[PDB]
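What follows is a single chain, given as C-alpha cells, in the form deposited in one PDB entry.
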C-alpha cells in the first residue's frame, strides 16, 4: 500500500500534439485547468488550448506570439512577442490589456488569479489585471543570477516574499541560484537552491499562521531540503523551528536535481519532483521524508498544484500528464508500519484529520 495515489490524466500525443512542442518553451501549464501549446502548422503559428475538464476538444487559435500563458482560473491568455504584451479574454474575443515593455521578458508566470509576473534580464515586475494597472517593478535581479536560465518565480500568499530561480552549469553540474526578496525590508538574499515553495502553516499553540519557505537543493555537499519561517513571527506566535534534512539521490542518478515543488496545506506535505522523474514526499512540519519512488522515465518540466486532491500535476517530455497526491486512507498506516514511525503517524493523523492511527 502506498502513501500516494499516482495517475496519468492524459497523453498529449493522442491529441495530435507533436512531441517537438512538448517542452519548457512551448508548453505551459499555469494551473491544473489548462495546458497551452504553441505549434506551427505550415506557415501559421497557433496555440492549442486544452481544457483539462474537456480535453478531447481542444481550442486552436492562430497566434504570432513567442510565449503563451493561460490564467489559472479563466480562459484569459497572456501572449507576448518581444516587448509587446497582450492579454485576451478568449470567449469575449477581446483584448483586455496591452503593454509595451522596454526590455524583453525572458520568463513570465501568473502568480495569482489576477497578477502576472514578468522577469527581464535586469528585474522582476508584477502586472495586475485590475483596472488600468501597468507593470510595477518589485526588485532588481541579484548578480548571482546573471547568465542563468530563469525557471521559476513564486511568492508567498500575501506577496511579501518573492523568489526568483535560475540555473546554469558550474563545474559540470546544474547549479541553482535563487533570489529571495522581502517586499517589506527591501532586501534580497541569494540562496543556492533548485526548487522551492512557500506555505502557510499554523503551529499548535500559535494564534496565527506562519509563513514558511521550503527549498530543496543538490549542492556540492549533497541534497538538502530546508523549511524555514520567513519574517518576524506574528505577534504572540512562537517561531517555527527551522528544519534541514537530506534529499536522497541514488548512485545512478548522479546528475539529477530537484525541478519542482508543490506543498499541500490540506495535508502539510511537501511534494518534490526531480528532473529525471523521482517523486519525494516530506512532512512540512518536521521535514521527515515519507516516501520516494520514481513516477516518470522522461524528464518533467512543468508542474502545478492539483487542486482537487491537493497534490501535484505535471507534464513530461513524452506528453504524459501525471499527478501525485496523498492517498488518505493509506498514508497513516504506511507511516506506522512501513516507516515504523508511529510518532509521525499519530501527529499527521490528528493534525490533518486522517484515518489509521487507531492502531499504532
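Residue numbers count along the first chain shown, from 1.
Beyond the structure shown, there is the form solved in complex with a partner chain, which is absent from this document and is the topic of what follows.
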Checklist entry - Even though its partner chain is not shown here, does it sit in the entry with it bound so that 168, 174 and 301 each have a heavy atom within 4.5 Å? => result yes
Next on the checklist: Since only the chain is shown here, I'm wondering whether residue 259 would be in contact with its partner chain in the entry with it bound (any heavy atom pair within 4.5 Å).
Outcome noted: yes
Item to check | 4.5 Å heavy atom contact, residue 317 and its partner chain in the entry with it bound | outcome: yes
Checklist entry - Are any of the heavy atoms in residue 25 no more than 4.5 Å from a heavy atom of its partner chain in the entry with it bound? => result yes
Item to check | residue 151 within 4.5 Å of its partner chain in the entry with it bound, heavy atoms | outcome: yes
Item to check | Per-stretch contact check against its partner chain in the entry with it bound, the hit in 116 to 124, 130 to 138, 262 to 270, 143 to 151 (non-hydrogen atom, 4.5 angstroms) | outcome: 143 to 151
